[PDB]
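J.: Sharing a structure, written as structure tokens. Questions coming.
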Amino acid sequence: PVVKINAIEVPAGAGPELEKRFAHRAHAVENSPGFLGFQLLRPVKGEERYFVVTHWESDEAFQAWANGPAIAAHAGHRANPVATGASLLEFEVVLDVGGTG
Amino acid sequence: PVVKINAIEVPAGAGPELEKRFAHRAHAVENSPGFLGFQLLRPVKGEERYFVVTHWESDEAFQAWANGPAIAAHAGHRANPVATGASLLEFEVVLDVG
Ligand code: HEM
Ligand code: HEM
Ligand code: HEM
Ligand code: HEM
Ligand SMILES: [Cl-]
Ligand SMILES: [Cl-]
């Protein structure tokens, strides 16, 4: 599997509103092919950006969503953005273990 | 829950060996209190560092481990470490959907 993280620059003070918007749209990507879930991570130390950590079965699955449906879903909305930049960080999962055994 | 990521600088070429070392030691943290697992993420685009993404029930559980047992578990071992730097990135989980 792969991990695609949007590392989003959020002005100081804007975090609560950004979190509210993500919580409201939390199920926006549900059932997209190859999609395995996401987390929104609020920065506490060592990073100032929020990390939007998304998980996919493959890079092709991610690319299909990001280039097609993700973009199309924007028409007929528009409130924001509060973010002032983003960087996509892309990775392959080498290992994934749980906490117990 | 919280996420503590060690973002480790690995020299080009050293990735395979680093991955081998983590795979061998993959269950080193198992059953530590508050520990919920980890992933090792190999960088493909937009980052050059490996991300060691660890999951904890609380910051306190992480701090207990990092300051105590994680350090003590090094004695009586030698490997020449391949990484050339690391940054701990710390976060709180706002939402986690499947
Ligand atoms: C510069 C480019 C972009 C801008 C300005 C933008 C801006 C926005 C804004 C304003 C929203 C609505 C949030 C709100 O206020 O409720 C949104 C939602 C969203 N964005 Fe974008 N975005 C961009 C690119 C992308 C890309 C490239 C992706 C994914 C590959 C993406 C994925 C999403 C998703 C999944 C939502 C939630 C949609 C829903 O609730 O149905 N965005 N974006
Ligand atoms: C999968 C779950 C995702 C959700 C629910 C989501 C939702 C959102 C929302 C609500 C915004 C507007 C933020 C604001 O008010 O400033 C946004 C912005 C944006 N998203 Fe995400 N997104 C997701 C994944 C991604 C991914 C993986 C990417 C990268 C491929 C991405 C790229 C972007 C970009 C480029 C923006 C505009 C940021 C800016 O203007 O500086 N999104 N997304
Ligand atoms: C500059 C400080 C550090 C150095 C030089 C260092 C170096 C190393 C080396 C060489 C190994 C063995 C890898 C192999 O098989 O070759 C190792 C293992 C490990 N390190 Fe460290 N490390 C440092 C700090 C830390 C810290 C702060 C933590 C956690 C908070 C940590 C957590 C671990 C863990 C969980 C292992 C797996 C081994 C086990 O305990 O069974 N290290 N480290
Ligand atoms: C929980 C799973 C973890 C495992 C299995 C693990 C394992 C390892 C291993 C095998 C090394 C040596 C890598 C090499 O050969 O260069 C290492 C190095 C190190 N680890 Fe991790 N680690 C874990 C989590 C952490 C965390 C959360 C931290 C954050 C403090 C950390 C801090 C360090 C540091 C500071 C080094 C030395 C990096 C360098 O010398 O540049 N480890 N760890
Ligand atoms: Cl985002
Ligand atoms: Cl590490």
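J.: Please give the calculated 222 nm ellipticity per residue for the protein assembly as shown, where each DSSP H segment of at least 4 residues contributes -39500 (n - 2.57) and the sum is spread over every residue; nearest 500 deg cm²/dmol?
T.: Helix-only estimate at 222 nm: -6000 deg cm²/dmol.
J.: Within 10 Å of each Cβ of A:84-91, how many other protein chain Cβ atoms are there on average?
T.: Counting Cβ atoms of other protein chains within 10 Å of each residue's Cβ and averaging gives 4.
J.: Before anything else, pin down the relative contact order of chain B: Cα pairs under 8 Å, at least 6 apart, normalised by residue count, whole percent.
T.: Relative contact order comes out at 48 percent.
J.: If you find the alpha carbon centre of region B:49-87 and of region A:70-101, how far apart are they in angstrom?
T.: 26 Å
J.: Which one, B:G85, B:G76, B:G37, has the greatest fluctuation when you compute a Gaussian network model over chain B with C-alpha springs under 10 angstrom?
T.: Of the options given, B:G76 has the highest mean-square fluctuation.
J.: Neighbour counts of other C-beta atoms within 10 Å: give me B:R49, B:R21, A:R25 arranged from fewest to most.
T.: Taking fewest neighbouring Cβ atoms as first place, the list is A:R25, B:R21, B:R49.
J.: Give the calculated FRET efficiency between A:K45 and B:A73 to the nearest 0.05, with a Förster radius of 25 Å applied to their Cβ-Cβ distance.
T.: 0.60
J.: Return the subset of A:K4/A:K45; A:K4/B:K4; A:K45/B:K4 for which the Cα-Cα distance in this structure is over 19 Å, preserving the input order.
T.: In this structure, A:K4/A:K45 lie more than 19 Å apart at Cα.
Read-outs throughout are calculated quantities, based only on the coordinates presented, and are distinct from any laboratory measurement. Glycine gets a Cβ as well: all are built from the backbone with ideal geometry, and neighbour counts include every protein chain shown.
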